Every structure is written in structure tokens, then in C-alpha cells.
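> This is the structure, below, for whatever I ask next.
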Amino acid sequence: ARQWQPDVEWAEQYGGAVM
Amino acid sequence: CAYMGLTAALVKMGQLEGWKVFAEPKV
Amino acid sequence: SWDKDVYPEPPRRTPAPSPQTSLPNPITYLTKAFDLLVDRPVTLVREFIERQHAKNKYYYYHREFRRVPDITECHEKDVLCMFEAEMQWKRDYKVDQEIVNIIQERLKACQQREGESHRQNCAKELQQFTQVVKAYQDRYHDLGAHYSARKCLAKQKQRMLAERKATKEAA
Amino acid sequence: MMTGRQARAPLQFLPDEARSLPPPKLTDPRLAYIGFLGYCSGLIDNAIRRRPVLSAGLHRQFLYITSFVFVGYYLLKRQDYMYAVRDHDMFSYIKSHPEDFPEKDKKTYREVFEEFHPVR
Amino acid sequence: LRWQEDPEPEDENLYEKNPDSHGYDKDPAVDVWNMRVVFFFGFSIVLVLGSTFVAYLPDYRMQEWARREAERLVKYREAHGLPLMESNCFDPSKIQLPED
Amino acid sequence: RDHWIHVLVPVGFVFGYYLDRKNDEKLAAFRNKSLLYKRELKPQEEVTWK
Amino acid sequence: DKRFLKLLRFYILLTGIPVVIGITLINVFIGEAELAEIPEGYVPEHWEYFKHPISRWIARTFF
Amino acid sequence: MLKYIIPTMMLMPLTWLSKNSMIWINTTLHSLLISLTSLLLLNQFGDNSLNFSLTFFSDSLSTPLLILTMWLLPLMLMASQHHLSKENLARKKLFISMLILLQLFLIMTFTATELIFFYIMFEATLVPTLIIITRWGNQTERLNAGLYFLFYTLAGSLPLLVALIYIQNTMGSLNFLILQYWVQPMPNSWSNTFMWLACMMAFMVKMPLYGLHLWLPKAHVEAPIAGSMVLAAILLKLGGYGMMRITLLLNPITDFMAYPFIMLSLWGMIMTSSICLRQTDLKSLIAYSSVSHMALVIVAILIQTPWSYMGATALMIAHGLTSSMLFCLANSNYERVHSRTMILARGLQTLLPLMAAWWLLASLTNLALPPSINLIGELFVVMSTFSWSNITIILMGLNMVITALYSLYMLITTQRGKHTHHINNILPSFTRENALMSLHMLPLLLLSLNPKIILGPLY
Ligand SMILES: CCCCCCCCCCCCCCCCCC(=O)OC[C@H](COP(=O)([O-])OCC(O)COP(=O)([O-])OC[C@@H](COC(=O)CCCCCCCCCCCCCCCCC)OC(=O)CCCCCCCCCCCCCCCCC)OC(=O)CCCCCCCCCCCCCCCCC
Ligand SMILES: CCCCCCCCCCCCCCCCCC(=O)OC[C@H](COP(=O)([O-])OC[C@H](O)COP(=O)([O-])OC[C@H](COC(=O)CCCCCCCCCCCCCCCCC)OC(=O)CCCCCCCCCCCCCCCCC)OC(=O)CCCCCCCCCCCCCCCCC
Ligand SMILES: CCCCCCCCCCCCCCCCCC(=O)OC[C@H](COP(=O)([O-])OCC[N+](C)(C)C)OC(=O)CCCCCCCCCCCCCCCCC
């Protein structure tokens, strides 16, 4: 009902060495 | 099939209308 | 009112009331009732309003545009003069449009006013309408939405080349 | 381009001939935009250090606006000077070479033939 | 399990705590004055005075003038026997065509 | 003023209108100089528009 | 819904009725101007080329 | 134009120095005062445009889009204030600041005397709209739309930038007033063909074009209500305004370069209207309706007759008002049922009779009921395209069947039939919502009385 935000699943896509 | 043909058409029309890619500095 | 030359109305011919039957028509009684109940109070209120118009008489004026040089005698790419030429040409374009509208109003009023004999009795208005539509079409048709005095001059020059070639090929 | 011009008297921010040009007014809209950049700088300075943005350091915001207007005034003087030098060199080069800029004959549209393309 | 999360807030009803709510705000005085501002500066100001402004525009794009001017020019050229409109917009004497 | 915030936009209008008049004097190079509205000045008058 | 429609009609009529009464008083007492030829030497103002008084007011004040 | 830009900028200290319960009231009041001020632009002339300065001007094309733009801000502040109630105060002021900045960009986008200032303001309008859509869009799932925005930047605005710099070098100016008198015919060559595509494809995506409309039933769905209102009402019409400015320079090559894209629109409005008959999402249905109506504006600009420009600018103003009201009706149900599914909440005339009256009026303006200016624009475009080709009336009239068909279907599904049983949070209509519907509809109905102010520079 509220606004979507990044979960852990979305946030872990930008934590590695390369994209 | 698309981008190679469009690029070759651009090179053909650069031959025709005289399009310079490494253009000499004039001004 | 208006000007009876630009809006011509031929002289009205009404027939006299010729009562043949003894039964009184309702229309004369309703006309007298309309003349008493409706025409008189409206006319009195209009006279009051017209007295109040007379208590402050002030005027307005029809704006005049003196003729500036047209696009033919303006230099190429000289915007100070061809701007004036374009403003003159656009004012003449809108005025030519209203001339065509006046001739259309004449033709429609002639058709209704003549009724069933409209084809016989409105030949002159139809002739004037054909001439003014031919003139307006030769002057302003097919210019496009980005019309200008240059487009109109080029259309006039192409038409004059066609007329000169048609004159030459006839001899 | 103009680097041979400011090579006879190098490292002059404003030369002497720049004093023959009208300086910008203090109500120059360019200089007013530079003062607004100073006010924005003061607000960002209070924002990044968690101060009240519109309240804290009014002397500091005043020095931000003052310092940006002060630097921008001389920057606008040099800007106006360099465009004046560009036009001076342009006009003196056109005057010193009349053969390269011929007075091309002005034809009115009564002689100019343009092709009419009808929209139909 | 998954992370520490605040739960989904339920949709509030503005009619419960204020049955005279116009929906502008939950504070009733703010709500009623928001209603008065929207209705006055929307309807009493922009629509009414705006339609009054547009209705009495001083000859928007000189249409009426252009009719009355036409009522001059037709009267000038009905009387002098001229045609009502020439087929050429400009004078054909001041035009130089390309020869062939 | 207790209602000093309701004059931000309206004075911001008038000042804006002020600057519009301020730009009109910078565009008066053809005031009474066009070929359409050139005329002699009436008595007690210095410009045709401001 | 009825509260909205009452408020809609009220806030429309709030300046509708003074505007209609004022336009009526202008058309009755101040009244419609008359067409006239431009005199010799009299150059009219730009707002003096229009007929209705509210149009003259708009062309004089704002335009 | 500086009597409009400066009050729009003074809405920034008005929105940041206002008390926390007063920031909607103050911005709504002063933006309504700016919208009342916006009628001074009606000083238009039958020959000359209203030319303020070296930087700003206004003919009768830009003037109604300016009035609609300055009118759209109070309506967006009304529409977007409910679902920002639990928002932070500073984030709420950031939302209002992005709306004000978008209006500030638009009102000097439409008045741009010179075309590269038009380009700067034109591509400046995307950034506050982007931030409004992606910070307050309530869900963001844009895996396919990133590549499409890359396609918009590649095929669109950058060739327009290179083309405008080329005209700046060739003509010596990009002042539209100078380009009225220094325009050269653009003849048939391959250089001029890529010149035409560079001058047109940015505005083709902004309309949008059929086949290029892939962004619009996504960006309308993933947006807040103010973002969808400004996308439907104004931000599509930048493409039509830019086409009507840039087709001055593209003659006479337009007379044979329009033929593909005209087909893309004449068939395209047959498809997208038909697409509206199979929409589960109501907001997507209104998006595809916006595509189906801007296809006619694309055709009317490309055929460049007077009747087509008059119909196209009347259709732009009318569709701005109408589709903005349709998105506001879609939100006035979404704020209750919390889902955009059009088959979820049915039979709403049993529950909300006045709101169903607003649905009926917005549907009748959507399907071009005369004498509304939707029909005036629709009709004049249809007349001009009949003058273009006498067969196109079929593709017009068939569209004018399907445009009716989804307009009442949207009325019949949402408002008629049996009410949904398991939905019991259907509140009565707030006075804010009905005021929003009336401030859409009543200007749209009053413009039927005097349509001559929305028929463009060649009325
Ligand atoms: C009324 C209040 C209602 C409630 C208030 C709220 C109203 C709504 C709020 C509106 C807010 C403003 C919005 C913007 C509009 C502004 C006004 C405007 O632009 O007006 C335009 C337009 C132009 O007027 P103008 O430019 O001011 O003046 C023109 C003249 O050049 C110059 O004018 P003039 O000097 O030639 O005329 C002066 C006129 C004053 O000027 C006006 O009245 C004009 C201002 C009125 C505007 C009203 C607009 C509001 C909406 C009206 C329509 C809806 C009303 C509600 C529903 C009604 C039922 C449906 O003087 C009079 O009226 C006095 C004569 C009265 C005659 C009747 C009585 C005579 C006998 C009396 C006997 C008793 C006394 C005897 C003893 C006497 C002793 C001395 O005015 C009108 O349209 C007036 C309305 C009436 C038009 C004719 C109505 C009948 C037409 C029938 C055929 C066509 C339709 C066929 C339909 C077929 C079926 C579908
Ligand atoms: C500048 C001054 C001008 C003065 C004159 C006014 C000019 C037009 C202004 C706007 C007209 C519409 C206003 C009402 C509709 C919106 C609100 C609404 O739904 O109210 C329902 C409500 C009555 O219903 P209710 O039972 O109480 O509650 C709702 C029900 O629960 C549930 O509702 P329902 O289902 O039971 O009933 C809804 C029903 C449903 O009926 C329909 O859907 C049938 C309509 C379509 C077929 C019939 C019309 C076809 C076209 C022919 C007529 C037009 C040309 C005539 C000319 C001669 C021939 C060419 O709609 C109506 O009865 C509305 C009547 C008017 C309809 C106009 C056409 C709408 C169709 C779409 C556009 C068509 C082309 C554009 C037309 C433009 C006209 C100027 O009305 C009110 O409470 C009235 C509120 C105040 C209205 C003020 C109007 C003026 C606003 C402008 C302010 C600024 C100027 C100052 C003038 C002030 C004058 C007082
Ligand atoms: C414009 C671009 C942006 C678009 C969005 C705008 C939003 C902001 C809104 C700002 C304010 C509104 C601006 C537009 C205003 C348009 C209206 C307007 O000014 O009109 C001028 C028109 C002008 O008419 P006119 O053209 O004849 O004017 C003649 C000129 N004067 C007045 C100087 C002599 O006003 C009227 O027509 C008023 C006439 C009297 C009232 C109407 C009487 C009849 C009404 C219908 C009766 C019932 C019929 C049957 C119904 C059956 C059921 C359906």
C-alpha cells in the first residue's frame, strides 16, 4: 500500500566487484 | 543486418554528399 | 443598422390582408396582444436605456493601416521592411477572408429570401460568389500552414509564368 | 585563437584598454545570478554541516554572497573585454581586407525567383 | 526470517475523526480554510472573472475590425465598378519574371 | 507585518511587471520610426509609448 | 455531494451576481460606444478603437 | 514574460517559508493567482505575435498552452496533497518545489524566442518530472524502460541538438522570428533527409508516435497523480509545439517525408484505441487513449494545412484538460480501493452519484461530444485530412467508433453494473475531489462558448 523501496535482493546487485 | 547496413548507407552518402568525419580545422 | 450597399436587400413586396372567410383568424388577435403586452414594455425600457446612452455620448474609431511597402520592393533577408510587408499582407489576408464571408452571407440570404425561385433569382449573387472564390483561390490557396507573403508571391509568379506560357502557346 | 593578441602583454587579467569599456552595473543580471549562486552556496554550507539552513551564519551567507559578487564582477569585466576585443579584431580585419568581404548586391523579391511548393 | 520492518500502515479515514472533512487536511480549521481558498480563488476569482475577462477581450486577433474593414472595401469597389477581389495579391506591373 | 508571506508572489508579480516595462525602453529603437505608425508628435508629448 | 453542490453554486454566485449586476449597470448607464470617423488631427488612443466599455478598460489598463 | 517567471520563482520562498499546516493552502492560493494573471497573454493580434523581448514571445499557439500550464499547478497541488499526508514535511516541500520548477521550465519553454533555448528548457522539463515519477511513484519497476529512455536519448534529443547547432551555423540565427523571414526551402537530398529526421524524431517520441509509445503506458502507471496530470496535459504537447515551430524550416521536404509517419499515426490510432478495449489497468487505458488522441495531432501537424493546425492546437488544449481529469478520476478510485484494476470496483454510481456524473462528463468529452473543443479539434483535423486524402475518413471514422467504445466501457465497467461486495471502504466523495473534477471540467465546458482563443496563430 506504501511506496516500494529496495530490499536486500535489490541492494546486493551493487555490492560486488563488477556490475 | 540492421546496423551494418545503416552504417554502410551512411558511408555511401558520406561519399555522395561529402561528409567529413576527420574534418580539417577551418575556423 | 448597417450599410445597405454591401448588404443589399431588394425592396419588399408584401400582399395586403385579403379576408375571404368569415371566421376570425387567431393571428390578428395574437398580434395585437403581442403589440400591447410585449412590444410596448420592451420599447419603453429601450427608450430609458437610450436616454442613458445620450447622457454620456462617447465614440470609438475604426483603425486605419496606411499602406507600407509590400514584399516585392523589399530587399532579400531584410527583416525590417519585409516584416512590415508581412504584417500588411496578413491584414489583407484576413480582410479578404471577411470579404469572402460577406459574399457568402449575401448568397445564403438571397437563397432563403427568394425561397423556391432561388435558382432563377440569385444568378448575380452566385456569379459574384464564383468570381470572389476564384479570386481568393488564385490568391491564397495551397500556401500551407506556414503561409507568408513570400509563399504568396511565389504562387503568383508561378501562375504568371503559366499565364505567359499559355499566352505564348496560343500564338 | 586570440592567443597571439594577449601575448604582447601577457598575464594581464584586465589590460589598460579594458578601462575604455563600460563596466557592469552592480544590478547586472549576470552579477545578480552570481550573488544568487553565493546564496545557494551558503545554504548548501549550512545543509552539509547540519545547521539551520535559513538561520545559521547570516554573516557567513553574507560573506558568500559578497565574495561571489566580488569575484564575478571582475570575471564579467574580463568577459566583456574579451568579446570587445573579438569584435575589434573582426572589424579591423574586415576594414583591412575589402577584397574578401564584397558588398554583394541586394536584390529585392521582385527579381528573386523562388519556387512555389503547394501544400495540397 | 527477514529483516526488522515497520508494518504496513492502514489507510486512514478522514470522516472518522472529522465528519465534516472536505478532504483537504485532517485539521478541521485548516481543512475548512483550504476549502475556502480553493473555492474562492478557484471559482469566485479565476472562473468567473476569467470568463468575464475573456468575454470582453478587445477584438481578439482583430476579427471584428477585419469584417468592418471589409464592409468598407466592398463598398469602395461595388460603387466604383471594380471586381471584388483581384486574382493577384500584388501588382503584376512591379514583378519581373524569369525570361526564357 | 503579521501576513508578510502573502506578498511574496504579488510583489514578485509587480516587480516582474516593472522589469517588463524596464525592457521596453531597451526596445524603443523604432518608437515613432516604423513606416506604419510614423506621425508627428502631439503637443505636450515626448514619446508615442512608454 | 449536496454540500459540494451548494458550495459550488455559492462560490460561483459570490462573484457571479456582482459581475452580472455590474455588467448590466455598465450596459445600461455607461452604455455601448458609437462608431465615428477619425477627426482631422485627432490621433485616438489604442483603447479608443473598441466598442464595449469593459473592452476599452481591458485595452487601456492591461494590454 | 517576466511577470510570470518571477511569481513562479517566488513560489519557492512561498513554499519553503510557509508554516507546516499552511504549505498547501499558500501554494494553491498563489498559483491560482498566477493562473488568473495568465490571462494577460490573450493580447494577440491577427498579424503580429505578442513579442515581449529578445528572449520571450507569445503567438496564439504558445498562449493557450501557457494558460493551461499555469492552471495545471493548483490542480496538481490539490490532487497530490492527500497521498502525501504521512510524508515528511521537507520531502513534501521538495515535491512542491519540483512541481514549481517544472512549471518554471514549461512557461519559458513555450515562450522561447530562440530554438536552442527551447531545447535547453525542453530537455530541462524532463528532470523534475523524472524525480517526481521516481521518488513518489509508490512502486518502481523499470527494467525495460531504462533501455527505452536510452533509445529516446539516442534517436531523439541529441540529433535535434546537432541539427539546431547546424542551423545556427548555416542561417546565423535560431530566432523563430528571424527564421520566419530567412527560411530557405529544404530540398530533396540525403543530408536534408537526416536533417528532417533529426528535427522531428525527438518531438515524435514526445507526442508519442505509435511504435514509439512504449514509454507512455509505463511512465503514466509508475507515477504519482501530479506526474500523470502534467504528462498527459502539458508534457506531450511540447512535442506538438516543437513540431509546429520546426516545420517552418522543413519545407518542402516534409511534403514527402511525412508519408511514413502519417501512416504510423493513421493506423496507430486504430490500434491503440483498440488496445483500450483490452486494458485491465484503467490508468494504462487512459495512457493508450492519450496515444490515440495525439496520433491525430501528429497527422495534423504533418499535413500542415490551416484547418489542421487549428484542430491540432484545439485538440491539444482539450485533450490536456480531458485526460488530466481522467487520471484524476482514476486516482479518486485508487485512493479508495488501493488497486488500479478496472474490474475490481464496479457499480460505483450506486455509491457515488456526483462522481459518476463527473465520470459521465469526462467520458463524453473523451469521445468528442459536440460542441466541446475535443470535438472541434477532432472535427477540424478530420476535415483537413479529408482534404489531404478522401479515403482517410474511413480511418478517421472507424477511430471515432472505437474512441466511443472504450470511453463508455470505462464508464460502464467502473460506474455501472453490480457493485463489488467485498469492498467496503468506498467513502463518499471529498469536497477536494469534486472541486478537482470541476476545475478540470468547467473550464473545458466554458471553452465551448468561446473556442477562438484555443485555435492557434492562424485562426
Ligand atoms: C441575470 C442574473 C442571473 C443570476 C446571476 C448569476 C449569473 C451567472 C454568473 C455569470 C458571471 C459572468 C460570466 C461571464 C459573462 C459576462 C457577460 C457576457 O459576456 O455577456 C455576453 C452577452 C453580451 O452582452 P454585453 O456585451 O454586456 O452587451 C451587449 C450590448 O452591446 C450592450 O447591452 P445593451 O445596452 O444592448 O443591453 C443592456 C442590458 C443589460 O445588459 C445585460 O443584461 C448583459 C449582462 C447579462 C449577462 C448574463 C450572463 C449570465 C448567464 C445568463 C444565462 C443563464 C441564466 C440562468 C438560466 C436561465 C434559463 C435557462 O439591458 C437589459 O437587460 C434591460 C432590458 C431588459 C429586457 C427584458 C425586460 C423588458 C420589459 C420590462 C417590463 C417591466 C418594466 C416596465 C416599465 C419600465 C419603465 C422604465 O450578454 C448576454 O449574452 C446576455 C444574456 C442574454 C442573451 C440572450 C438570451 C436569450 C437568447 C435566446 C436565443 C439564443 C439561445 C437559443 C437556445 C436554444 C435552446 C438550446
Ligand atoms: C460564461 C457564463 C456561462 C453561463 C452558462 C453556462 C455554460 C456552461 C457551464 C457548464 C455547464 C455544466 C454545469 C453542470 C455540470 C457539472 C456539475 C454537475 O454535474 O452538476 C450536477 C448538478 C445537478 O445534479 P444533482 O442531481 O444535483 O447531483 C448530481 C447527480 O447525483 C448525478 O448527476 P446526473 O447524472 O443526475 O446529471 C448529470 C447530467 C448528465 O447529463 C448528460 O450527461 C447529458 C449531456 C449531454 C447531452 C445533452 C447536451 C448536448 C449538447 C447540446 C447543448 C449544448 C449547446 C446548446 C446551444 C444551442 C444548440 C447548439 O448533467 C447535466 O445535467 C449537466 C447539464 C449541462 C451539460 C452540458 C453538456 C455536457 C456534455 C459533455 C460536453 C458536451 C459539449 C459541450 C457543451 C458546452 C455547453 C456550453 O448540477 C449542479 O448542482 C449545478 C452546479 C453549478 C453549475 C454552474 C455552471 C456554470 C459554471 C461556470 C462558472 C463560471 C461562469 C459563470 C456562470 C455561472 C452560471 C450559474
Ligand atoms: C484557454 C487555454 C487554457 C485552457 C484551460 C483554462 C483553465 C483556466 C480557466 C480560466 C477562465 C476561463 C477561460 C475561458 C472562458 C471561456 C468562456 C467565455 O469567456 O465565454 C465568452 C462568451 C462570449 O460570447 P461572444 O463570443 O458572443 O461574446 C461577444 C463579445 N461581447 C461580450 C464583448 C459582446 O460568453 C458568453 O457566451 C456568455 C453569454 C451569456 C451566457 C450564456 C448564455 C447561454 C448558455 C446556455 C444556456 C442553455 C443552453 C441549453 C443547455 C441544454 C443542456 C445541456
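The way I read the labels, and the way they are meant: chains A, B, ... in the order of the C-alpha cells, residue 1 as the first residue of every chain, and ligand 1 as the first ligand shown, with later ones counted on from there.
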Throw together the list of residues within 7 Å of ligand 1, counting only C-alpha atoms and all ligand atoms, and drop it here as an MDAnalysis selection string.

(chainID C and resid 41:42 44:46 48:49) or (chainID E and resid 48:49 51:52 55:56) or (chainID G and resid 13 16:17 19:20 23:25 27:28 31:32 52)

> Using only C-alpha atoms, which protein or nucleic acid residues come within 7 Å of stretch 8-11 of chain F? Drop anything in the same chain fewer than 2 positions from it, and give the result as a CSV table (one decimal) with N, CA and C atoms, in the first residue's frame.


chain,number,residue,atom,x,y,z
F,5,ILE,N,3.9,36.8,4.3
F,5,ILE,CA,4.2,35.8,3.3
F,5,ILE,C,3.2,35.9,2.1
F,6,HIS,N,2.1,36.5,2.3
F,6,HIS,CA,1.2,36.6,1.2
F,6,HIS,C,1.5,37.8,0.2
F,13,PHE,N,5.0,39.6,-8.6
F,13,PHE,CA,4.4,39.9,-9.9
F,13,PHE,C,4.7,41.4,-10.3
F,14,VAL,N,4.5,42.3,-9.4
F,14,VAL,CA,4.6,43.7,-9.8
F,14,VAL,C,6.0,44.1,-10.2
F,15,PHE,N,7.0,43.7,-9.4
F,15,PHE,CA,8.4,43.8,-9.8
F,15,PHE,C,8.7,43.2,-11.1
H,7,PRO,N,6.9,35.5,-10.4
H,7,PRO,CA,6.0,34.9,-9.4
H,7,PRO,C,6.1,33.4,-9.3
H,10,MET,N,8.9,33.0,-7.1
H,10,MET,CA,8.6,33.4,-5.7
H,10,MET,C,7.7,32.4,-5.0
H,11,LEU,N,7.1,31.5,-5.8
H,11,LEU,CA,6.5,30.3,-5.1
H,11,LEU,C,7.5,29.4,-4.4
H,14,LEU,N,7.8,31.1,-1.0
H,14,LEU,CA,6.5,30.9,-0.5
H,14,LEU,C,6.3,29.4,0.0
H,30,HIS,N,-1.6,31.1,-4.3
H,30,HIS,CA,-0.7,32.0,-5.1
H,30,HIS,C,-0.6,31.4,-6.5

> Counting only C-alpha atoms, collect the residues of chain D whose closest atom lies at most 8 Å from chain H, and write them out as number ranges by chain.

D: 117, 119-120

> DSSP says alpha helix (DSSP H) for which residues of chain B? Put them as a CSV table (one decimal) with N, CA and C atoms, in the first residue's frame?


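Contents of result.csv, freshly written:
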chain,number,residue,atom,x,y,z
B,3,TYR,N,22.3,-2.6,-38.3
B,3,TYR,CA,23.3,-1.6,-38.1
B,3,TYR,C,24.4,-1.5,-39.1
B,4,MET,N,24.8,-2.7,-39.5
B,4,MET,CA,25.9,-2.8,-40.6
B,4,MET,C,25.3,-2.2,-41.9
B,5,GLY,N,24.1,-2.4,-42.2
B,5,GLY,CA,23.5,-1.9,-43.5
B,5,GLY,C,23.3,-0.4,-43.4
B,6,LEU,N,22.8,0.1,-42.2
B,6,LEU,CA,22.6,1.5,-42.0
B,6,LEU,C,23.9,2.3,-42.0
B,7,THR,N,25.0,1.6,-41.4
B,7,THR,CA,26.3,2.3,-41.4
B,7,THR,C,26.9,2.3,-42.8
B,8,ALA,N,26.7,1.3,-43.6
B,8,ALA,CA,27.2,1.3,-45.0
B,8,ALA,C,26.5,2.3,-45.8
B,9,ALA,N,25.2,2.4,-45.6
B,9,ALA,CA,24.4,3.5,-46.2
B,9,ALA,C,24.9,4.9,-45.8
B,10,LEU,N,25.3,5.1,-44.6
B,10,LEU,CA,25.9,6.3,-44.1
B,10,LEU,C,27.2,6.6,-44.8
B,11,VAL,N,28.0,5.6,-45.0
B,11,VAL,CA,29.3,5.7,-45.6
B,11,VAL,C,29.1,6.0,-47.1
B,12,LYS,N,28.1,5.4,-47.7
B,12,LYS,CA,27.8,5.7,-49.1
B,12,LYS,C,27.4,7.1,-49.3
B,13,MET,N,26.5,7.6,-48.4
B,13,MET,CA,26.0,9.0,-48.5
B,13,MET,C,27.1,10.0,-48.0
B,14,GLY,N,28.1,9.5,-47.3
B,14,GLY,CA,29.2,10.4,-47.0
B,14,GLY,C,30.1,10.5,-48.2
B,15,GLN,N,30.2,9.4,-49.0
B,15,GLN,CA,30.9,9.6,-50.3
B,15,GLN,C,30.1,10.5,-51.2
B,16,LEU,N,28.8,10.4,-51.2
B,16,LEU,CA,28.0,11.2,-52.2
B,16,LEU,C,28.0,12.7,-51.8
B,17,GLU,N,27.4,13.0,-50.6
B,17,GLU,CA,27.3,14.4,-50.2
B,17,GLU,C,28.5,15.0,-49.6

> Counting only C-alpha atoms and all ligand atoms, give me one row per residue of chain H with an atom at most 12 Å from an atom of ligand 2, showing the shortest contact pair and its distance in Å to one decimal, sorted by chain then residue number, as JSON lines.


{"residue": "H:318", "atom": "CA", "partner": "ligand 2", "partner_atom_place_in_ligand_line": "76 (C)", "distance": 11.1}
{"residue": "H:322", "atom": "CA", "partner": "ligand 2", "partner_atom_place_in_ligand_line": "73 (C)", "distance": 10.7}
{"residue": "H:348", "atom": "CA", "partner": "ligand 2", "partner_atom_place_in_ligand_line": "32 (C)", "distance": 11.7}
{"residue": "H:349", "atom": "CA", "partner": "ligand 2", "partner_atom_place_in_ligand_line": "32 (C)", "distance": 8.4}
{"residue": "H:350", "atom": "CA", "partner": "ligand 2", "partner_atom_place_in_ligand_line": "31 (O)", "distance": 10.0}
{"residue": "H:351", "atom": "CA", "partner": "ligand 2", "partner_atom_place_in_ligand_line": "31 (O)", "distance": 10.0}
{"residue": "H:352", "atom": "CA", "partner": "ligand 2", "partner_atom_place_in_ligand_line": "31 (O)", "distance": 7.6}
{"residue": "H:353", "atom": "CA", "partner": "ligand 2", "partner_atom_place_in_ligand_line": "31 (O)", "distance": 4.2}
{"residue": "H:354", "atom": "CA", "partner": "ligand 2", "partner_atom_place_in_ligand_line": "31 (O)", "distance": 4.1}
{"residue": "H:355", "atom": "CA", "partner": "ligand 2", "partner_atom_place_in_ligand_line": "32 (C)", "distance": 7.5}
{"residue": "H:356", "atom": "CA", "partner": "ligand 2", "partner_atom_place_in_ligand_line": "32 (C)", "distance": 6.6}
{"residue": "H:357", "atom": "CA", "partner": "ligand 2", "partner_atom_place_in_ligand_line": "33 (O)", "distance": 4.5}
{"residue": "H:358", "atom": "CA", "partner": "ligand 2", "partner_atom_place_in_ligand_line": "19 (O)", "distance": 6.0}
{"residue": "H:359", "atom": "CA", "partner": "ligand 2", "partner_atom_place_in_ligand_line": "19 (O)", "distance": 9.4}
{"residue": "H:360", "atom": "CA", "partner": "ligand 2", "partner_atom_place_in_ligand_line": "43 (O)", "distance": 5.9}
{"residue": "H:361", "atom": "CA", "partner": "ligand 2", "partner_atom_place_in_ligand_line": "72 (C)", "distance": 5.1}
{"residue": "H:362", "atom": "CA", "partner": "ligand 2", "partner_atom_place_in_ligand_line": "72 (C)", "distance": 7.3}
{"residue": "H:363", "atom": "CA", "partner": "ligand 2", "partner_atom_place_in_ligand_line": "72 (C)", "distance": 8.0}
{"residue": "H:364", "atom": "CA", "partner": "ligand 2", "partner_atom_place_in_ligand_line": "72 (C)", "distance": 5.0}
{"residue": "H:365", "atom": "CA", "partner": "ligand 2", "partner_atom_place_in_ligand_line": "72 (C)", "distance": 5.4}
{"residue": "H:366", "atom": "CA", "partner": "ligand 2", "partner_atom_place_in_ligand_line": "72 (C)", "distance": 8.9}
{"residue": "H:367", "atom": "CA", "partner": "ligand 2", "partner_atom_place_in_ligand_line": "72 (C)", "distance": 9.3}
{"residue": "H:368", "atom": "CA", "partner": "ligand 2", "partner_atom_place_in_ligand_line": "74 (C)", "distance": 7.8}
{"residue": "H:369", "atom": "CA", "partner": "ligand 2", "partner_atom_place_in_ligand_line": "74 (C)", "distance": 4.9}
{"residue": "H:370", "atom": "CA", "partner": "ligand 2", "partner_atom_place_in_ligand_line": "75 (C)", "distance": 4.5}
{"residue": "H:371", "atom": "CA", "partner": "ligand 2", "partner_atom_place_in_ligand_line": "75 (C)", "distance": 4.3}
{"residue": "H:372", "atom": "CA", "partner": "ligand 2", "partner_atom_place_in_ligand_line": "76 (C)", "distance": 3.9}
{"residue": "H:373", "atom": "CA", "partner": "ligand 2", "partner_atom_place_in_ligand_line": "76 (C)", "distance": 7.4}
{"residue": "H:374", "atom": "CA", "partner": "ligand 2", "partner_atom_place_in_ligand_line": "75 (C)", "distance": 8.5}
{"residue": "H:375", "atom": "CA", "partner": "ligand 2", "partner_atom_place_in_ligand_line": "75 (C)", "distance": 8.1}
{"residue": "H:376", "atom": "CA", "partner": "ligand 2", "partner_atom_place_in_ligand_line": "75 (C)", "distance": 9.8}
{"residue": "H:408", "atom": "CA", "partner": "ligand 2", "partner_atom_place_in_ligand_line": "43 (O)", "distance": 11.8}
{"residue": "H:411", "atom": "CA", "partner": "ligand 2", "partner_atom_place_in_ligand_line": "43 (O)", "distance": 11.7}
{"residue": "H:415", "atom": "CA", "partner": "ligand 2", "partner_atom_place_in_ligand_line": "35 (O)", "distance": 11.3}
{"residue": "H:428", "atom": "CA", "partner": "ligand 2", "partner_atom_place_in_ligand_line": "31 (O)", "distance": 11.9}
{"residue": "H:429", "atom": "CA", "partner": "ligand 2", "partner_atom_place_in_ligand_line": "31 (O)", "distance": 11.2}
{"residue": "H:434", "atom": "CA", "partner": "ligand 2", "partner_atom_place_in_ligand_line": "17 (C)", "distance": 9.1}
{"residue": "H:435", "atom": "CA", "partner": "ligand 2", "partner_atom_place_in_ligand_line": "17 (C)", "distance": 10.0}
{"residue": "H:436", "atom": "CA", "partner": "ligand 2", "partner_atom_place_in_ligand_line": "17 (C)", "distance": 11.6}
{"residue": "H:437", "atom": "CA", "partner": "ligand 2", "partner_atom_place_in_ligand_line": "16 (C)", "distance": 8.8}
{"residue": "H:438", "atom": "CA", "partner": "ligand 2", "partner_atom_place_in_ligand_line": "16 (C)", "distance": 6.6}
{"residue": "H:439", "atom": "CA", "partner": "ligand 2", "partner_atom_place_in_ligand_line": "92 (C)", "distance": 9.5}
{"residue": "H:440", "atom": "CA", "partner": "ligand 2", "partner_atom_place_in_ligand_line": "16 (C)", "distance": 10.2}
{"residue": "H:441", "atom": "CA", "partner": "ligand 2", "partner_atom_place_in_ligand_line": "16 (C)", "distance": 7.2}
{"residue": "H:442", "atom": "CA", "partner": "ligand 2", "partner_atom_place_in_ligand_line": "10 (C)", "distance": 5.4}
{"residue": "H:443", "atom": "CA", "partner": "ligand 2", "partner_atom_place_in_ligand_line": "92 (C)", "distance": 7.4}
{"residue": "H:444", "atom": "CA", "partner": "ligand 2", "partner_atom_place_in_ligand_line": "76 (C)", "distance": 7.9}
{"residue": "H:445", "atom": "CA", "partner": "ligand 2", "partner_atom_place_in_ligand_line": "78 (C)", "distance": 4.7}
{"residue": "H:446", "atom": "CA", "partner": "ligand 2", "partner_atom_place_in_ligand_line": "9 (C)", "distance": 5.5}
{"residue": "H:447", "atom": "CA", "partner": "ligand 2", "partner_atom_place_in_ligand_line": "78 (C)", "distance": 7.8}
{"residue": "H:448", "atom": "CA", "partner": "ligand 2", "partner_atom_place_in_ligand_line": "78 (C)", "distance": 5.2}
{"residue": "H:449", "atom": "CA", "partner": "ligand 2", "partner_atom_place_in_ligand_line": "80 (C)", "distance": 5.6}
{"residue": "H:450", "atom": "CA", "partner": "ligand 2", "partner_atom_place_in_ligand_line": "1 (C)", "distance": 9.1}
{"residue": "H:451", "atom": "CA", "partner": "ligand 2", "partner_atom_place_in_ligand_line": "78 (C)", "distance": 10.7}

> So how many Å separate atom CA of residue D:103 and atom CA of residue F:35, to one decimal?

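Answer for the atom CA of residue D:103 to atom CA of residue F:35 separation: 25.9 Å.
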